[PDB]
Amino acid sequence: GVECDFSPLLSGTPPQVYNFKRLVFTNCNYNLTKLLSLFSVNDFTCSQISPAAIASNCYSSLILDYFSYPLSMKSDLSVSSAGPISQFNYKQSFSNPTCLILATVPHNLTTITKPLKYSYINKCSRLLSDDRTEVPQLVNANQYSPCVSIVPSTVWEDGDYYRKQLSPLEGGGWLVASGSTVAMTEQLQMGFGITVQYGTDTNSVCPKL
């Protein structure tokens, strides 16, 4: 029956890491290796699964995350990383097999549009009424920063600082964040996230053959 729809990936401006787009698939047939032949994969490292296996297994759900990402920040996009990307931008599950891919959009992939630059939330805290004490807001797994409400979808300058007033239910004070940037590259480089879940008598996201 039906085929898994990866099309959105190939058409638009992929968001920055902290605004990742997510496609969620059930009851479909996929050809992941076809998808990745459209790009220059620079890195493909999984956790509790393999590149070979993730292309050929049956799932209850396959979940795919995509965003613009500089290849020069490879060390921060890692299932073992403790940098700003897992702290404030993007964190995957530990209790499910996952994978992280680093690609480059080739010139003959012409429906993928570049943003001005790459930007990531380098700090997301919450300070108290004392305007000094800072309480980090670490991102949950599979979720966005609470501080994406105050960060522009693309940060104009390295170091820009954002602020918003909190009601007393949340402790008063401000929600505070700060952003860093990386110069856009000649070809758009991206990062992808894959997460699989296995079920009992309900594995319907299986490879096409």
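Numbering starts at 1 and runs along the sequence shown.
Colleague: Could you tell me which third, lowest, middle or highest, the C-alpha B-factor of residue 39 occupies within its chain?
Modeller: It falls in the top third of the chain.
Colleague: Report the third (lowest, middle or highest) to which the CA temperature factor of residue 129 belongs, ranking only the modelled residues of the same chain.
Modeller: Its C-alpha B-factor belongs to the middle third of this chain's values.
Colleague: For residue 169, return the chain-relative third of its C-alpha B-factor as stated in the PDB record: lowest, middle or highest.
Modeller: According to the entry, residue 169 has a C-alpha B-factor in the chain's middle third.
Colleague: Quick one: classify residue 140 as lowest, middle or highest third of the chain based on its Cα B-factor.
Modeller: Answer is lowest: the recorded C-alpha B-factor places it there.
Colleague: If you rank every modelled residue in this chain by C-alpha B factor, which third holds residue 17: lowest, middle or highest?
Modeller: For residue 17, the deposited C-alpha B-factor lands in the lowest third.
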